[PDB]
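Notes for the one structure printed next.
A quick note on method: Cβ atoms are made from the backbone with ideal geometry, for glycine too, and the neighbour counts reach across all protein chains shown. Values quoted throughout were computed directly from the atomic coordinates according to the rules given, and no laboratory measurement underlies them.
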RNA sequence: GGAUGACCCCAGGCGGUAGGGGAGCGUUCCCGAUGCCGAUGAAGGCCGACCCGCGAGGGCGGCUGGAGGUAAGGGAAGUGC
RNA sequence: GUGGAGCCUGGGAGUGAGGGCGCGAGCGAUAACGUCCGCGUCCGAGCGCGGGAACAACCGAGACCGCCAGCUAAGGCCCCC
RNA sequence: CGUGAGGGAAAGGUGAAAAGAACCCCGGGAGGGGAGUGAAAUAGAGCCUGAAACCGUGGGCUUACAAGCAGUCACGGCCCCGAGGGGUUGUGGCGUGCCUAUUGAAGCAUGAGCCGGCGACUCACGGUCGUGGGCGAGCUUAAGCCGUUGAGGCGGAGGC
Ligand SMILES: [Mg+2]
Ligand SMILES: [Mg+2]
Ligand SMILES: [Mg+2]
Ligand SMILES: [Mg+2]
Ligand SMILES: [Mg+2]
Ligand SMILES: [Mg+2]
Ligand SMILES: [Mg+2]
Ligand SMILES: [Mg+2]
Ligand SMILES: [Mg+2]
Ligand SMILES: [Mg+2]
Ligand SMILES: [Mg+2]
Ligand SMILES: [Mg+2]
Ligand SMILES: [Mg+2]
Ligand SMILES: [Mg+2]
Ligand SMILES: [Mg+2]
Ligand SMILES: [Mg+2]
Ligand SMILES: [Mg+2]
Ligand SMILES: [Mg+2]
Ligand SMILES: [Mg+2]
Ligand SMILES: [Mg+2]
Ligand SMILES: [Mg+2]
Ligand SMILES: [Mg+2]
Ligand SMILES: [Mg+2]
Ligand SMILES: [Mg+2]
Ligand SMILES: [Mg+2]
Ligand SMILES: [Mg+2]
Ligand SMILES: [Mg+2]
Ligand SMILES: [Mg+2]
Ligand SMILES: [Mg+2]
Ligand SMILES: [Mg+2]
Ligand SMILES: [Mg+2]
Ligand SMILES: [Mg+2]
Ligand SMILES: [Mg+2]
Ligand SMILES: [Mg+2]
Ligand SMILES: [Mg+2]
Ligand SMILES: [Mg+2]
Ligand SMILES: [Mg+2]
Ligand SMILES: [Mg+2]
Ligand SMILES: [Mg+2]
Ligand SMILES: [Mg+2]
Ligand SMILES: [Mg+2]
Ligand SMILES: [Mg+2]
Ligand SMILES: [Mg+2]
Ligand SMILES: [Mg+2]
Ligand SMILES: [Mg+2]
Ligand SMILES: [Mg+2]
Ligand SMILES: [Mg+2]
Ligand SMILES: [Mg+2]
Ligand SMILES: [Mg+2]
Ligand SMILES: [Mg+2]
Ligand SMILES: [Mg+2]
Ligand SMILES: [Mg+2]
Ligand SMILES: [Mg+2]
Ligand SMILES: [Mg+2]
Ligand SMILES: [Mg+2]
Ligand SMILES: [Mg+2]
Ligand SMILES: [Mg+2]
Ligand SMILES: [Mg+2]
Ligand SMILES: [Mg+2]
Ligand SMILES: [Mg+2]
Ligand SMILES: [Mg+2]
Ligand SMILES: [Mg+2]
Ligand SMILES: [Mg+2]
Ligand SMILES: [Mg+2]
Ligand SMILES: [Mg+2]
Ligand SMILES: [Mg+2]
Ligand SMILES: [Mg+2]
Ligand SMILES: [Mg+2]
Ligand SMILES: [Mg+2]
Ligand SMILES: [Mg+2]
Ligand SMILES: [Mg+2]
Ligand SMILES: [Mg+2]
Ligand SMILES: [Mg+2]
Ligand SMILES: [Mg+2]
Ligand SMILES: [Mg+2]
Ligand SMILES: [Mg+2]
Ligand SMILES: [Mg+2]
Ligand SMILES: [Mg+2]
Ligand SMILES: [Mg+2]
Ligand SMILES: [Mg+2]
Ligand SMILES: [Mg+2]
Ligand SMILES: [Mg+2]
Ligand SMILES: [Mg+2]
Ligand SMILES: [Mg+2]
Ligand SMILES: [Mg+2]
Ligand SMILES: [Mg+2]
Ligand SMILES: [Mg+2]
Ligand SMILES: [Mg+2]
Ligand SMILES: [Mg+2]
Ligand SMILES: [Mg+2]
Ligand SMILES: [Mg+2]
Ligand SMILES: [Mg+2]
Ligand SMILES: [Mg+2]
Ligand SMILES: [Mg+2]
Ligand SMILES: [Mg+2]
Ligand SMILES: [Mg+2]
Ligand SMILES: [Mg+2]
Ligand SMILES: [Mg+2]
Ligand SMILES: [Mg+2]
Ligand SMILES: [Mg+2]
Ligand SMILES: [Mg+2]
Ligand SMILES: [Mg+2]
Ligand SMILES: [Mg+2]
Ligand SMILES: [Mg+2]
Ligand SMILES: [Mg+2]
Ligand SMILES: [Mg+2]
Ligand SMILES: [Mg+2]
Ligand SMILES: [Mg+2]
Ligand SMILES: [Mg+2]
Ligand SMILES: [Mg+2]
Ligand SMILES: [Mg+2]
Ligand SMILES: [Mg+2]
Ligand SMILES: [Mg+2]
Ligand SMILES: [Mg+2]
Ligand SMILES: [Mg+2]
Ligand SMILES: [Mg+2]
Ligand SMILES: [Mg+2]
Ligand SMILES: [Mg+2]
Ligand SMILES: [Mg+2]
Ligand SMILES: [Mg+2]
Ligand SMILES: [Mg+2]
Ligand SMILES: [Mg+2]
Ligand SMILES: [Mg+2]
Ligand SMILES: [Mg+2]
Ligand SMILES: [Mg+2]
Ligand SMILES: [Mg+2]
Ligand SMILES: [Mg+2]
Ligand SMILES: [Mg+2]
Ligand SMILES: [Mg+2]
Ligand SMILES: [Mg+2]
Ligand SMILES: [Mg+2]
Ligand SMILES: [Mg+2]
Ligand SMILES: [Mg+2]
Ligand SMILES: [Mg+2]
Ligand SMILES: [Mg+2]
Ligand SMILES: [Mg+2]
Ligand SMILES: [Mg+2]
Ligand SMILES: [Mg+2]
Ligand SMILES: [Mg+2]
Ligand SMILES: [Mg+2]
Ligand SMILES: [Mg+2]
Ligand SMILES: [Mg+2]
Ligand SMILES: [Mg+2]
Ligand SMILES: [Mg+2]
Ligand SMILES: [Mg+2]
Ligand SMILES: [Mg+2]
Ligand SMILES: [Mg+2]
Ligand SMILES: [Mg+2]
Ligand SMILES: [Mg+2]
Ligand SMILES: [Mg+2]
Ligand SMILES: [Mg+2]
Ligand SMILES: [Mg+2]
Ligand SMILES: [Mg+2]
Ligand SMILES: [Mg+2]
Ligand SMILES: [Mg+2]
Ligand SMILES: [Mg+2]
Ligand SMILES: [Mg+2]
Ligand SMILES: [Mg+2]
Ligand SMILES: [Mg+2]
Ligand SMILES: [Mg+2]
Ligand SMILES: [Mg+2]
Ligand SMILES: [Mg+2]
Ligand SMILES: [Mg+2]
Ligand SMILES: [Mg+2]
Ligand SMILES: [Mg+2]
Ligand SMILES: [Mg+2]
Ligand SMILES: [Mg+2]
Ligand SMILES: [Mg+2]
Ligand SMILES: [Mg+2]
Ligand SMILES: [Mg+2]
Ligand SMILES: [Mg+2]
Ligand SMILES: [Mg+2]
Ligand SMILES: [Mg+2]
Ligand SMILES: [Mg+2]
Ligand SMILES: [Mg+2]
Ligand SMILES: [Mg+2]
Ligand SMILES: [Mg+2]
Ligand SMILES: [Zn+2]
């Protein structure tokens, strides 16, 4: 804190309480006791746990019928209306949130602005995103790497 | 002496009880028989300048 | 004609037409229950020894409820012992119907 | 119907003026005028101004009649105090509060 | 993140202050004196609801005694007679009879002399 | 059912001839009458006992050597201010005080007890002024 | 008892300082949230003799206020005088 | 003898100023509301309740909450009561 | 403030918009009362909200023979909202503040004028036990690298 270390008034005989300097946490203006300092919240969760987790999350959607694999994306060439068309045609009316996973940059841009769509490259697939969304949609090529990842 | 000092704060009831005698009494006034303006008895009237039937002073 | 009945470890003077809160009876609202009589007075006097063989007072249960909350608080000085409990005593409301003397 | 006047931030101490205000609560406007005139206190000058201002309001704004006016309510509330240093022996400085009043007078008409 | 007192403490103090409505000077006005006053009161209440049970019983007894002695006996004799008669009417009631139903109290007195 | 509370009652006046009765044991009975504890509707927080008139107080009796030895006592608040007056003398100068002082000590302290003592009317000599009240002669 | 902490029944324990343990309440902030409540009135304040809760509290109502608030379930602390 | 008994392993303590009383001693003066040990008790922590005029440790008795019901304990029953 | 080195404050908010109140009235003025503006003016510039201590006006109940840790229990009176409640308190019963420290405090032992706000068991890294999970003769990666731009992965050196 910014203040000086001078003892503000003598220890005895002033009729007041004893104090040291005015930086002490007992003074308004003073320092804070055990407040926050810069902190690293991270930790290394076991790799097998992440692996097992990745798998189980997909598994959970699979078990709900909410996982859909797709061969390729028709006419989607980077336009939201294009993805939107395709999406409708594939049973995604936007009434359910979708984690769209594909390595196709053109398909990701096209879908990324939709409020109900979260998009990812297959290397990015992770459990918070799967669990956050109601429906999982993958390229086969996406699905291939995920299989390779949970192996 | 050794600096006496109140031992307890005086309660509002006590303070106000002490002021039970603090009310002003309103001025005692009588009419001036020449101009009928109220004034203190035994004073030359400041309204008209009369006292004891006569004109005592310019007002 | 009045009766002294005993319900709930307590005794009450009851006359037909009286509403009375007593300790909670295990009996559905609208049921009618029979109270013991320790004494009958009014026109004739009969004195139980302790209860009178034939008498009963017939009461209809209007309902069961909970008393207005009492705060039961405990405090002991200089020991930081403090406890605060809310209490509502269950009761049953009865209407006294007849005195079957 | 009532007419009121408030003098706010009058530089005099509430306890002092109230003593004067108390002399006129409930009185006819006329009696109140006489009383203030011959009341020997600083506060009389201030109460007198609020009274007369309230009277004017009664007559000019609120369609009330001077001959019927009486002090219906009157009170002194305390305003923000002026804090001032009063130097004492041995280097101590005391703090004198020069206090402040908000004086309210409220007139009604005494009917028939 | 920081969690400043904010609203919470004002809210505890009012709770206490409201319970202290009615008390004298600072006791209804200052949270501290309120609370102090309140500890006392929780204990008295507790203690006094215990003792109300006594307060009333002593009263019933004084009454029963007065009524007995109109019939030429005392409370101790009357109670023993009832015990021996097997009459279990409690004092709350003996006392009500003594005032509201004197013919009934008399018969009880009778039963009591007889029972001995 | 709540315990009964009497509505205001008209108070009974009673007359007691003190002649030859023993001071202390007459006193307790007077006290009872004053509290109202002969009444089956006794209530501790109101004055509902009898007014008591006592005559021939000067002819009260006392066992042992008390006339000589019982000392009544008064403290004036001044230095040296303890007066000791013996029974004999008190009887000889203000006899009604002897009964009065005894009964007073057998009443409760407090506002009510003080009030009850006012309901006691004690006279030396056989007569009293309370005829207007037609006091009921009481043997105790 | 029924199967499992659903709740009923019987019995017993339940003063407490240092202190061990358990279960909760509330404050700031995060996910929930591109959501939901909100000018037909956010938070905050002032009332309440009403409802729920053993309690810490939580509701509901009236007045004030005038633009924010934020669930179920979890997470993290500058968390209660 | 099934008890908030016991034993074993481990986690967390606090305490390491005691005090009155009875009994057994020492010290002291067959003194102290003295001091120091032993056995026990209570207060400590039961300054909660009844009695003892009042009163931590004497007598009675171990307060989960409620009742305008009953029986008792020590102590009491002439009035205060 | 201090000769000086040096110490070192407090102090934010009208309203969407100034539309920031022309003009009249009382007043020396300040201030107010009308008029006007505004959705709102106890948003009027001493301006959002506007708590509490503290001061006042008005009302209800109460109080001048009374003995008090200020309450509590009971009853009765009066006042209020409408077999009930609420406010008030006459009488009667009972009743030794809070915290601290102590063998022991109402204690004539400490601390506190009252109120509001600030105000004290945390964090890193190691350890030890317990606990929820993952894998299990095995478990685990560090720095870094790649990727992301609130996406994760690779990395076996090393450790147990
Ligand atoms: Mg510094
Ligand atoms: Mg500096
Ligand atoms: Mg510095
Ligand atoms: Mg320094
Ligand atoms: Mg320095
Ligand atoms: Mg230094
Ligand atoms: Mg010192
Ligand atoms: Mg000092
Ligand atoms: Mg100081
Ligand atoms: Mg100081
Ligand atoms: Mg100092
Ligand atoms: Mg310091
Ligand atoms: Mg220093
Ligand atoms: Mg410093
Ligand atoms: Mg700071
Ligand atoms: Mg600062
Ligand atoms: Mg700072
Ligand atoms: Mg700090
Ligand atoms: Mg620190
Ligand atoms: Mg520090
Ligand atoms: Mg820290
Ligand atoms: Mg860092
Ligand atoms: Mg950590
Ligand atoms: Mg890390
Ligand atoms: Mg999107
Ligand atoms: Mg979403
Ligand atoms: Mg001197
Ligand atoms: Mg002097
Ligand atoms: Mg000198
Ligand atoms: Mg002198
Ligand atoms: Mg002096
Ligand atoms: Mg002093
Ligand atoms: Mg004051
Ligand atoms: Mg006052
Ligand atoms: Mg005084
Ligand atoms: Mg204390
Ligand atoms: Mg105490
Ligand atoms: Mg304490
Ligand atoms: Mg202690
Ligand atoms: Mg405590
Ligand atoms: Mg004068
Ligand atoms: Mg005029
Ligand atoms: Mg000088
Ligand atoms: Mg000052
Ligand atoms: Mg000053
Ligand atoms: Mg913040
Ligand atoms: Mg804080
Ligand atoms: Mg705060
Ligand atoms: Mg607060
Ligand atoms: Mg608090
Ligand atoms: Mg609040
Ligand atoms: Mg609170
Ligand atoms: Mg009161
Ligand atoms: Mg007060
Ligand atoms: Mg006060
Ligand atoms: Mg106040
Ligand atoms: Mg409390
Ligand atoms: Mg109790
Ligand atoms: Mg008790
Ligand atoms: Mg009992
Ligand atoms: Mg007899
Ligand atoms: Mg018996
Ligand atoms: Mg019996
Ligand atoms: Mg008799
Ligand atoms: Mg004489
Ligand atoms: Mg007494
Ligand atoms: Mg049980
Ligand atoms: Mg148990
Ligand atoms: Mg027990
Ligand atoms: Mg316990
Ligand atoms: Mg446990
Ligand atoms: Mg815990
Ligand atoms: Mg909750
Ligand atoms: Mg909180
Ligand atoms: Mg919490
Ligand atoms: Mg944040
Ligand atoms: Mg968001
Ligand atoms: Mg939002
Ligand atoms: Mg809406
Ligand atoms: Mg609107
Ligand atoms: Mg509204
Ligand atoms: Mg907030
Ligand atoms: Mg909030
Ligand atoms: Mg609330
Ligand atoms: Mg609100
Ligand atoms: Mg906004
Ligand atoms: Mg939230
Ligand atoms: Mg939440
Ligand atoms: Mg979560
Ligand atoms: Mg803190
Ligand atoms: Mg076992
Ligand atoms: Mg044990
Ligand atoms: Mg044990
Ligand atoms: Mg152990
Ligand atoms: Mg621990
Ligand atoms: Mg240790
Ligand atoms: Mg220790
Ligand atoms: Mg040691
Ligand atoms: Mg020691
Ligand atoms: Mg020892
Ligand atoms: Mg020991
Ligand atoms: Mg020792
Ligand atoms: Mg010993
Ligand atoms: Mg012996
Ligand atoms: Mg010995
Ligand atoms: Mg020895
Ligand atoms: Mg000797
Ligand atoms: Mg002793
Ligand atoms: Mg000793
Ligand atoms: Mg000894
Ligand atoms: Mg010895
Ligand atoms: Mg011992
Ligand atoms: Mg200790
Ligand atoms: Mg004991
Ligand atoms: Mg013990
Ligand atoms: Mg004891
Ligand atoms: Mg005691
Ligand atoms: Mg205790
Ligand atoms: Mg005792
Ligand atoms: Mg005792
Ligand atoms: Mg006693
Ligand atoms: Mg009941
Ligand atoms: Mg018995
Ligand atoms: Mg015995
Ligand atoms: Mg005795
Ligand atoms: Mg007496
Ligand atoms: Mg210098
Ligand atoms: Mg300079
Ligand atoms: Mg310096
Ligand atoms: Mg500063
Ligand atoms: Mg603005
Ligand atoms: Mg602006
Ligand atoms: Mg002008
Ligand atoms: Mg002018
Ligand atoms: Mg102007
Ligand atoms: Mg004006
Ligand atoms: Mg104007
Ligand atoms: Mg308009
Ligand atoms: Mg509007
Ligand atoms: Mg407003
Ligand atoms: Mg506003
Ligand atoms: Mg201001
Ligand atoms: Mg605003
Ligand atoms: Mg404001
Ligand atoms: Mg203001
Ligand atoms: Mg205010
Ligand atoms: Mg008043
Ligand atoms: Mg007198
Ligand atoms: Mg009087
Ligand atoms: Mg009382
Ligand atoms: Mg009573
Ligand atoms: Mg009422
Ligand atoms: Mg009452
Ligand atoms: Mg009351
Ligand atoms: Mg009594
Ligand atoms: Mg005391
Ligand atoms: Mg004591
Ligand atoms: Mg405390
Ligand atoms: Mg302290
Ligand atoms: Mg110390
Ligand atoms: Mg010491
Ligand atoms: Mg010591
Ligand atoms: Mg004291
Ligand atoms: Mg002393
Ligand atoms: Mg003292
Ligand atoms: Mg000292
Ligand atoms: Mg002290
Ligand atoms: Mg010390
Ligand atoms: Mg100071
Ligand atoms: Mg204060
Ligand atoms: Mg504070
Ligand atoms: Mg720690
Ligand atoms: Mg650890
Ligand atoms: Mg572990
Ligand atoms: Mg694993
Ligand atoms: Mg395994
Ligand atoms: Mg190692
Ligand atoms: Zn003249």
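Tabulated values for the structure
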read-out	value
Which numbered condition residue A:78 fails, given (1) under 20 Å from the mean Cα position of the chain (by Cα); (2) farther than 30 Å from residue E:1 by Cα	(1)
Qualifying residue in segment F:123-138 (condition: at positive phi and touching a helix residue (DSSP H, G or I) at 6+ places or on another chain (Cβ under 7 Å))	yes
Options E:48, E:13: the member that is away from ligand 42 (no atom under 16 Å from the Cβ) and under 30 Å from residue E:98 (Cα atoms)	E:48
Residue F:86 vs. criteria touching a strand residue (DSSP E or B) at 6+ places or on another chain (Cβ under 9 Å) and surrounded by 11 or more Cβ atoms within 10 Å (Cβ to Cβ)	yes
Some residue of segment E:95-114 being part of a loop (DSSP other than H, G, I, E, B), farther than 21 Å from residue F:5 by Cα and facing chain C (nearest Cβ under 8 Å)	no
Residue satisfying all of: in segment C:41-53; in contact (Cβ under 8 Å) with a residue 12 or more places away in the chain and more than 9 Å from every other protein chain (Cβ to nearest Cβ); surrounded by the most Cβ atoms within 10 Å (Cβ to Cβ) among these	C:52
Search result, residues across segment E:83-94 that are at the interface with chain C (Cβ under 10 Å from one of its Cβ atoms), within 28 Å of the chain's Cα centre (by Cα) and more than 21 Å from residue C:8 (Cβ to Cβ)	E:86
Single match in F:35, F:61, F:39 (criterion: touching a helix residue (DSSP H, G or I) at 6+ places or on another chain (Cβ under 7 Å), within 14 Å of chain E (Cβ to nearest Cβ) and touching a residue at least 12 places away in the same chain (Cβ under 8 Å))	F:35
Hits in segment D:27-54 - residues which are in contact with a strand residue (DSSP E or B) (Cβ under 8 Å, 6 or more places away or on another chain), within 14 Å of chain B (Cβ to nearest Cβ) and more than 18 Å from residue B:29 (Cα to Cα)	D:47
Selection within segment F:1-32 - within 13 Å of chain E (Cβ to nearest Cβ), within 29 Å of residue F:98 (Cα to Cα) and in contact (Cβ under 8 Å) with a residue 40 or more places away in the chain	F:29
Selection from segment E:31-44 of residues that are surrounded by 15 or more Cβ atoms within 10 Å (Cβ to Cβ) and within 16 Å of ligand 53 (Cβ to nearest atom)	E:33, E:34, E:37, E:38, E:41
Within segment C:54-101, considering residues that are at the interface with chain E (Cβ under 10 Å from one of its Cβ atoms) and either part of a loop (DSSP other than H, G, I, E, B) or free of Cβ contacts under 8 Å to residues at least 12 places away in the same chain (or both), the one nearest to residue C:6 (Cα to Cα)	C:74
Residue tally, condition under 20 Å from residue E:57 (Cα atoms) and either within 16 Å of ligand 3 (Cβ to nearest atom) or surrounded by fewer than 19 Cβ atoms within 10 Å (Cβ to Cβ) (or both), over segment C:1-21	3
Members of segment D:23-36 that are part of a helix (DSSP H, G or I) and surrounded by 16 or more Cβ atoms within 10 Å (Cβ to Cβ)	D:23, D:24, D:29, D:31, D:32, D:33, D:34, D:35, D:36
Matching residues, segment E:78-92, being closer than 15 Å to residue E:106 by Cβ and assigned to a helix (DSSP H, G or I)	E:78, E:81, E:82, E:85
